[PDB]
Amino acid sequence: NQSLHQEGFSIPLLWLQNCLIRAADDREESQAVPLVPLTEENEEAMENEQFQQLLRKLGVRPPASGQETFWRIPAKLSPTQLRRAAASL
């Protein structure tokens, strides 16, 4: 996590943090939500092995082959779980 900050990935990390926090909030107002990278640098991050290994530790699931493009923040993560993952970034 911090190691990724050191390889030049701080911007995607903060991005991820926000997606996690918004998911946390929206689950207080029930869906798996896609991590949609809209910039070249975030896109670069999702295709990076170390960043992906991090997404798996936070509990994000990779996309279903042949049916999805984006990783999903699974529905099982509680708003609490999400805020805690975000906070370790």
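The first residue of the sequence shown is number 1, and the count goes up from there.
Going from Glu29 to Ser30, you skip over 1 to 3 residues of the deposited sequence that the entry leaves unmodelled.
If you average the C-alpha B-factors over 72-80 and over 20-28, the higher value belongs to 20-28. Among all modelled residues in this chain, the alpha-carbon of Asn42 has a temperature factor (C-alpha) in the lowest third. When the CA B factors of the chain's modelled residues are split into thirds, the value for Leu4 lands in the middle one. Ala87: CA B factor lies in the middle third for its chain, per the PDB record.
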